[PDB]
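> Sending over a structure as structure tokens; questions will come in a sec.
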Amino acid sequence: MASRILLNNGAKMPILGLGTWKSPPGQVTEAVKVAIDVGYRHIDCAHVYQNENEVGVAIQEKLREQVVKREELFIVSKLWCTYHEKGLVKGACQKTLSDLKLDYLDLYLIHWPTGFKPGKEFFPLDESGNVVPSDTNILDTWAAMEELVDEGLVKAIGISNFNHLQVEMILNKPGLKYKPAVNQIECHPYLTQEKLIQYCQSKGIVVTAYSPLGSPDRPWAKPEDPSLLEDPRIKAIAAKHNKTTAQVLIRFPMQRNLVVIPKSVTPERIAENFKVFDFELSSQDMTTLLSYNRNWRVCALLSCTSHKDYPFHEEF
Ligand SMILES: NC(=O)c1ccc[n+]([C@@H]2O[C@H](COP(=O)([O-])OP(=O)(O)OC[C@H]3O[C@@H](n4cnc5c(N)ncnc54)[C@H](OP(=O)(O)O)[C@@H]3O)[C@@H](O)[C@H]2O)c1
Ligand SMILES: O=C(O)COc1cc(F)ccc1C(=O)NCc1nc2c(F)c(F)cc(F)c2s1
């Protein structure tokens, strides 16, 4: 396997990164420190995760120790939905930079294609529980993202949770300055994303797979819901390789030429999840895992399904 993938800006992105959603502030500093010690050099962050200060604490220190150089790290963050207005984007980026204690990001993503009413609340809802949109559009937000590159705050920009028509909207802009470098999307054996991956890869956009373990800690998970980590078929593939099910689930997107960002705050799991460069899934394993697709999406909200830019009404 090679360990980084080339982006359109000429930078190389590590194919394995550490996710940080639901890594509690009081626990994430140690998580990130351990991750850097064991070899992670890509960290996936976001303003909405409410922990960027504590991630930043960890990074800055591993600099203070001389454990890693900033140029070796690949730090990703994301513009939250309440900041899609062109005049709010730079301040949102700068807040993330200040929290992370960094002078640039390697990649900055539009977190979702949906703009929400600006304000303090991450999820402004009306009295009936529907998200309150903003009067923003993908192209104007993208133009504001491009200014961040031209000001040196971020090295690359991309998107997350965009369907292929939303990607196309950006690509087709006459005055496009920067193509998206990455589309970060949910991807795992129960939601294999064959058509969107094919589309993105054909357009020279790198795909990052989020929730590769099925996000078992997501707050809306129902006890009856499928569980990747407990799937006995995946356990049997893992046993054949004397690996864990998590290790199989991480290796799987890597062999599809995807980037993958498993989350853990547990030191013993952070280290296990990185030990995926010493084995390969066979062609039969890959085919088998792909065959588990059920088009089963875990990361979506009912409250957002009426937004004009809700991404998941389209087939892909
Ligand atoms: N762009 C977006 O809209 C978006 C959406 C979702 C996710 N993401 C990103 O993708 C990252 C990964 O997705 P995710 O956090 O949803 O879920 P995930 O990585 O699929 O699963 C994380 C869960 O698996 C557990 N776990 C980790 N390693 C394990 C192992 N070796 N054995 C058993 N359990 C293990 C974790 O527990 P502990 O932490 O307690 O160890 C945690 O509960 C996020 O953290 C975030 O950075 C982005
Ligand atoms: O982002 C993470 O890592 C994990 O996710 C989350 C992370 C957080 F820190 C808080 C909430 C979520 C969450 O509720 N996620 C589900 C969504 N679905 C939608 C949706 F369908 C939209 F059309 C717009 C939108 F913005 C969302 S957010």
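Reconstructed Cβ throughout: ideal geometry from the backbone, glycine too, with neighbour counts over all protein chains shown. Where a number appears in this text, it was derived from the coordinates with a stated rule and is not lab data.
> So if I take the centroid of the Cα atoms in the stretch 45-91 and the same for the stretch 234-274, what is the distance between those two points in Å?
25 Å
> For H241 and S128 in the same chain, what is the full-extension length gain: residue separation times 0.36 nm, less their Cα-Cα distance, in nm?
Length gained, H241 through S128: 35.6 nm.
> Using Cβ counts within 10 Å as a stand-in for footprinting exposure, how do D309, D44 rank, fewest first?
Fewest-to-most ranking of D309, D44: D309, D44.
> Based on other C-beta atoms within 10 Å, arrange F277, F116 from fewest to most.
Ascending Cβ contact count within 10 Å gives the list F277, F116.
> Excluding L281 itself, calculate the net charge of residues whose Cβ lies under 13 Å from the Cβ of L281, where each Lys or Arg counts +1 and each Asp or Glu counts -1.
Summing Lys/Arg as +1 and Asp/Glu as -1 gives +1.
> Which value in nm describes the separation of the simple spin-label points at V68 and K195, placed 7 Å from the Cα toward the beta carbon?
Distance between the two pseudo-spin positions: 3.7 nm.
> In a shell of Cβ-Cβ distance under 11 Å around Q255, excluding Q255 itself, what net charge do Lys and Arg (+1) and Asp and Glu (-1) give?
Numbers: positive: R251, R256; negative: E280, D285.
Surrounding charge for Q255 is 0.
> Hey, another quick one. In sequence order, what are the phi-derived ³J(HN,Hα) couplings for the stretch 291-305 according to the Karplus relation 6.51 cos²θ - 1.76 cosθ + 1.60 with θ = phi - 60°, rounded to whole Hz, with x for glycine and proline?
Result, rounded to whole Hz: 5, 7, 4, 10, 6, 9, 8, 9, 10, 6, 10, 4, 5, 9, 5.
> So, counting K/R as plus one and D/E as minus one, what does the shell of residues with Cβ under 15 Å around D140 add up to?
Local charge sum for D140: 0.
> A further question on this structure: Ranking request for peptides 18-26, 5-13: highest mean number of other beta-carbon atoms within 10 Å first, then the rest in descending order.
Values: 18-26: 19.0, 5-13: 16.0.
Per-residue Cβ counts within 10 Å, averaged per peptide and sorted highest first, yield 18-26, 5-13.
> Where a Cα-Cα gap under 13 Å defines reach, which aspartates and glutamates qualify for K69, not counting those fewer than 8 residues away within the same chain?
Cross-link targets: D37, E61.
> Subtract the Cα-Cα distance of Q255 and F279 from 0.36 nm times their separation in residues, and report this length gain in nm to one decimal.
Length difference between fully extended and current span is 7.5 nm.
> Counting helices only, and only those DSSP H runs with n ≥ 4, report the 222 nm mean residue ellipticity of the chain as the sum of -39,500 (n - 2.57) divided by its residues, in deg cm²/dmol to the nearest 500.
Result for the chain: -10000 deg cm²/dmol, rounded to the nearest 500.
> Short version: ³J(HN,Hα) in whole Hz for each residue of the stretch 217-233, in order, from phi by Karplus 6.51 cos²θ - 1.76 cosθ + 1.60 (θ = phi - 60°), x for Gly and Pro, what are they?
8, 4, x, 9, 5, 9, x, 7, 4, x, 10, 4, 5, 9, 5, x, 5
> By count of other Cβ within 10 Å, fewest leading, how are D231, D37, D278 ordered?
The fewest-first ordering by Cβ neighbours comes to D278, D37, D231.
> Of the cross-linked pairs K78/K117; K22/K179; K95/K120; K101/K179, which ones have a Cα-Cα span greater than 19 Å in the structure shown? Show your work: numbers first, answer last.
Working: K78/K117 17 Å; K22/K179 30 Å; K95/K120 14 Å; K101/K179 27 Å.
Exceeds cut-off: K22/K179; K101/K179.
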